[PDB]
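Next come the chains, spelled out residue by residue.
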Amino acid sequence: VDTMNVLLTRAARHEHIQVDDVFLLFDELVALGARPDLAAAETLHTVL
Amino acid sequence: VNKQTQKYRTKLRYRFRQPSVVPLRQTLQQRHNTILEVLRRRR
Amino acid sequence: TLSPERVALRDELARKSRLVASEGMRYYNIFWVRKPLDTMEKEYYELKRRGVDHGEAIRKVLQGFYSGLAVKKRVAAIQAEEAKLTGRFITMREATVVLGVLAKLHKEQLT
Amino acid sequence: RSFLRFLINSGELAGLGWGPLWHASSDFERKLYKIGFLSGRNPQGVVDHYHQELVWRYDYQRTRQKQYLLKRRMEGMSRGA
Amino acid sequence: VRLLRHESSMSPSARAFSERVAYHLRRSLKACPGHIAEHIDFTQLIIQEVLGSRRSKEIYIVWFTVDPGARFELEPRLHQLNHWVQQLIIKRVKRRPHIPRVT
Amino acid sequence: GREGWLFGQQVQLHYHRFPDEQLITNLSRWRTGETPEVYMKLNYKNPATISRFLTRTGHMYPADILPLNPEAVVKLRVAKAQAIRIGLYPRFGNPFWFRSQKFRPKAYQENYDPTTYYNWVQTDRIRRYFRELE
Amino acid sequence: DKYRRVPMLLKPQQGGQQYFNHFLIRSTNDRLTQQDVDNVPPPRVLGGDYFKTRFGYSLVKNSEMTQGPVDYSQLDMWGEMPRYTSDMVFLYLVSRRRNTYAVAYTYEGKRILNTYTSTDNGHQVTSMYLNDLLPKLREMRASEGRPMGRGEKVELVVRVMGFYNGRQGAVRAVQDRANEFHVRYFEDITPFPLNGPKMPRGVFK
Amino acid sequence: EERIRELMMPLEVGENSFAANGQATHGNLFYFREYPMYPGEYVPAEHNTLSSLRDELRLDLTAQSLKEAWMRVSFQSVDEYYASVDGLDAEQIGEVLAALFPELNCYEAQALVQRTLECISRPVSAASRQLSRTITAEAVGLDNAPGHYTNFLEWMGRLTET
Amino acid sequence: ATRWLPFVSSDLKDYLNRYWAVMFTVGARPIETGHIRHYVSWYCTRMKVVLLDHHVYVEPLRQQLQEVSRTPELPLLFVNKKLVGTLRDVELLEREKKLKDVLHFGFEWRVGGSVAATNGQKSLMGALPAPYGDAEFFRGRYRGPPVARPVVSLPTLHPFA
Amino acid sequence: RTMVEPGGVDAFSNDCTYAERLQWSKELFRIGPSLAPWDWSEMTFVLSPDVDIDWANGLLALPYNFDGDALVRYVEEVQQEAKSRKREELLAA
């Protein structure tokens, strides 16, 4: 879950990203054995 | 100087003396602390 | 601060006023004490502009102070006496003491 | 559960158990769980292990509880200072 | 401390100096400075002896109280006297191997 | 009943340290304008004053502990000597000691604590005062 | 070393690992609870008869009225000193390196009993002195005109001299007789030295 | 029973309570940790920190959105760099933010203005906020000069990031 | 050149201007004065102790001390005409190693951060600003050595120490 | 008041005889130094028809016929109790 938090934060704060790709990375992480957390949920929520 | 005054002057001289203070106890404590630190950090 | 001569006569006047006060007069409950003392020192200043023998001048101003204190005492006595004779109003301090003491008695009787 | 509750609590109440040393023994839930394991809920085994509970040496519950409560009190006093 | 030095475990000079110190301390203990006397409760204090080292570099005044509860009223005041005691030693006893440190 | 008493007595809220303290405070405040006579008493006639500077035993404190003006010290010593000569001061001892100390404990304490730095009788007085009032 | 072969994780052999999470969660919960919450004089005595019954001495004088006296009164030479009443027995216990003496005096300075003679020395001397003194007090008070009264214990002023061991034993001996001797003032008599007469050489050199 | 015993529970060597655990001879031999060991234990993250992170991300992304809007709509000289005048003014940022976001408060609008002004230089610039806690105005002797203090903190943080 | 005279003044400011380190005490608090004396003597700085119990001008000096320290606490220490505080503040400065300097040179380090809490030599590991913060959301972050804690209180050796 | 500063003395509140008030003042003055060693800044001495010793509310009411020796006895008892309490607490600790 720490990798998810770090990737989501350092991506949402990146400039040339797309929200489609942020959510796709979240989807890939959860498909892998990553447990969503309140922090990652908040990050995705602010991004949405 | 009368005997009474001589004796009282000596009594005062001993009672009110400024001793020579040199930090030997502090130096030894610092050396002890350094020795403990070295023993702790190194084998 | 104060000028040295002014503080000097003010000190002697303060001691003399204390003596005419709680000493022989026994007037611990005086009110607006500032006015009498200031008017007395002003009267002393007038008597010194004129030239009145400082001892005699201080005696005169002290006597005036005494008369003022006495008339103040008796006017206060008039109001207290007639206020107590008329039962409609009494005064503020006894209202405070009664409204506190009744509460204390209520608490005691509760205990 | 009923039988062990009676045994432990009534023994201590009558004054034949841990008594002042109650803090040296684990709580009733730990004692119930462990004695159930050790006796298979057999009655005679339950009595025997209730007596043997004087001997348990691998119960760290009270040690950790004392440690935690002492730390909590120490930090509370440091805050108060 | 662990032990208590025996009367026979000290040199005769240290032993001699010790009974002199004990005599003078017991005689003069009421004539301590007033700002310490006014708080010391002399009713409880007792001093068994003074032991000291060989050649009396150190002096050990062994003391206690009639009631054990007074040790923690008496100890700091007693330790505020360790200079007055040294001055008493300097003034009264003439044969001293050397003026000691009081404990 | 008595009627002069009601007009004589006056009701007070809180007691004074001493009855004239408020007057003294106001007088001092005006004297300063905001909006030692011990050298006269340090003599053989004033056992309390001379005892105010002595130890529990009647002897001298250390200079550091109780430092004084040299004239005050000389007068203290000569007054003590003269009083002891006449017999107006004990040749050994110091009464007035507790009377002179200033850091005194409370009745239920053992040491002085730097942190320290409607009664039924007056209720009955008020009750009887008002009872006579009507 | 003897136990060099055992693992370091078994040297102390930590245990109870299942309680740490519970303790963390409970500490956080109690912190939240604390935040939400955020968002000796002695007893009282009133009756005179009660005071008399409680303390054994009436407070009110309750005596003859000597009213209409002089308008100014003379002080006592020693105002601050304790109030020694007539019926107080003043016993002095003097200690020394080898010996211990114990005497008892009347309020007027009259010696009641002769002197008697380390820690055990003082304890025994004091116990014997008290045992022999109680009858002597009986006879002296009876001759005076004062019957004992059943259970009334003698009021005592105990004074000790000497910074020696025997003081502990003597005071313990006086304490052991509390039921009959009521100690009211325990004090010290060790004298303040002065110029004084000459002293033996052995003390000096 | 357990909750009452928790408060009745002894903690000092006394009567029937005593430290036979070698604490006098060996000392503190039992470890005790206040952190949940990541894989095994869990404690919910604190909401002050949750809100802090959420607010920082909100402000950063809003600042980037405004910067991209300005670039959609539309080099710095030495004089302009020294003056620290960006492509937009604080008044312009405040007015656009107030127009587009009604409910947003005055304090948050000022924060958005500051962050949008500062993102032209550094996107995150989270070093100054932290360094403010380590270095204090009084310590650096700059107490009644908050503008200079913040200027230095930004300078120092952006240098530390190198 | 002149006879020895003990210094006395009704003004706290005279004491501050005259003596480098001045402590006001009373005879009813021997232990606190002993502790402050221990610290000052350990750091070998001349210090003057004044007992207010028999000091004349006792009430003036006491009220002046109370108004300058904003608390009635008789054991008080002053250095460079400033207030270091009571035994608790002296102990705090000894804890974070600022007492040496407040005594010798008369100033408290305002650097921020504690020097007492150290595992070895003093360095800057963990001082640099953390990008984006989030020092808490690295659940697998390095947590340090396994600090041990006592089980029971180990009764205090002396009621004073 | 000057030697045993109590922070308050009330002899003139209760309606007694002048002889009784003078006698009570004389007894208080006699006690005086024996009562000195303790701070009475909190307690207020007053004349009463009966004794009451309210340490919490700082009141000390005594009859004109009161034994100064007895009052000193009681205050010394209080001091001894406090001293013994501190000694016992320190020994227990």
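What counts and how
Residues numbered from 1 in each chain as written, not as in the entry; some residues may be left out. Chains lettered and ligands numbered in written order. Part of a larger assembly, values for the part shown. Heavy atoms only, no water. Helix = DSSP H or I, 4+ residues; strand = E, 2+ residues; numbered from the N terminus. Buried < 20%, exposed > 50% of the residue type's maximum accessible area, 1.4 Å probe, protein only. Contact = heavy atoms within 4.5 Å. Areas by Shrake-Rupley, 256 points an atom, 1.4 Å probe, with all protein chains shown as cover. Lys, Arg positive; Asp, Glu negative; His and termini not counted. Charge placed at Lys NZ, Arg CZ, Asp CG, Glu CD. Buried area = accessible area lost by both parts, 1.4 Å probe. Salt bridge = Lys/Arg side-chain N within 4 Å of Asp/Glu carboxyl O. Polar contact = N/O pair within 3.5 Å; in protein donor to acceptor, adjacent residues only side chain to side chain. Nonpolar A, V, L, I, M, F, W, Y, C, P; charged D, E, K, R; others polar. Pairing = 2+ DSSP bridges. Axes fitted to C-alpha atoms, helices over the stretch in contact; angles between N-to-C directions. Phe/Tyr/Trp six-rings, centres within 6.5 Å; stacked < 30°, edge-to-face > 60°. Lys NZ or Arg CZ within 6 Å of the ring centre and 35° of its normal.

Listed as the method for this PDB entry is cryo-EM; the listed resolution is 3.3 Å.

To continue, consider the overall build of chain J. In terms of helices and strands, chain J carries two helices and four strands. In chain J, the order of α-helices and β-strands from amino to carboxyl end is β-α-β-β-β-α. Taking all 93 residues of chain J together, 60% fall into the buried category. Partitioning the contacts of chain J with sequence separation of at least 6, the portion at a separation of at least 24 is 49%. For chain J, the accessible surface area stands at approximately 4,000 Å², while carbon and sulfur atoms represent 51% of it. Side chains of chain J give 9 positive and 17 negative charges; the mean places of these two sets differ by 6 Å.

It is worth spelling out the interface of chain F and chain I at this point. Size of an interface: often given as the accessible area lost when the parts come together. Across the boundary between the two partners, chain F contributes 16 residues, which contact 23 residues of chain I. Contact between chain F and chain I buries roughly 1,800 Å² in total, counting both sides, with carbon and sulfur atoms accounting for 63%. Where chain F meets chain I, there are three salt bridges. Taken together, chain F and chain I are joined by seven residue pairs in polar contact. Tallied by class, the residues present in the side of chain F that touches chain I amount to 10 nonpolar, three polar and three charged.

With that out of the way, let us pick up the sheet that holds strand β2 (residues 100-105) of chain G. Residue and element names in this part refer to chain G. Ordered in space as β3-β2-β1-β4-β5, the five strands form an open sheet in which the pairing is mixed. Either end of the sheet is taken by a strand with one partner, and the two such strands are β3 (111-116) and β5 (181-188). Each strand of the sheet is rotated relative to its neighbour by a mean of 20 degrees, with strand direction disregarded. With six bridges connecting them, strand β1 (residues 89-95) and strand β4 (residues 154-161) associate as parallel partners. For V89, the partnering residue across the bridge sits in β4 and is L156. Contacting β1, β2, β3, β4 and β5, helix α3 (residues 119-144) runs over the sheet at an angle of about 155 degrees to β3.

On to the pairing of β1(G). Residues and elements named next belong to chain G. Extensive coverage of β1 is indicated by the burial of five of its seven residues. Taken together, the six bridges between β1 and β2 define a ladder with antiparallel strand orientation. Residue pairing for β2: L91 is matched across the bridge by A104. The loop that links β1 with its antiparallel partner β2 comprises four residues.

This brings us to the sheet that holds strand β1 (residues 9-10) of chain J. Residues and elements named next belong to chain J. Within the open sheet, the four strands sit side by side as β1-β2-β4-β3. Their pairing is mixed. Where the open sheet ends on each side, the last strands, each with one partner, are β1 and β3 (52-54). Pairing geometry for strand β2 (residues 44-47) and strand β4 (residues 59-62), over four bridges, is parallel. If you follow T44 over to β4, its bridge partner there is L59.

This part is about the packing of aromatic side chains. Taken as a whole and judged by the stated rule, the model has 35 aromatic pairs over all chains. Taken together, a centroid distance of 5.6 Å and an interplanar angle of 75 degrees make the contact between I:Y15 and I:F24 edge-to-face. The pair formed by I:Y15 and I:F24 is uniform in burial state, with each residue classed as buried. An aromatic cluster of three or more residues is present, and its members are F:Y108, G:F51, G:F55, G:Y57, J:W40, J:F45, J:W55 and J:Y74. Its guanidinium or amino end placed over the ring of I:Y19, I:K48 lies 5.5 Å from that ring's centre, counting from NZ or CZ. The ring of F:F103 carries I:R62 above its face, with NZ or CZ at 5.5 Å from the centroid.

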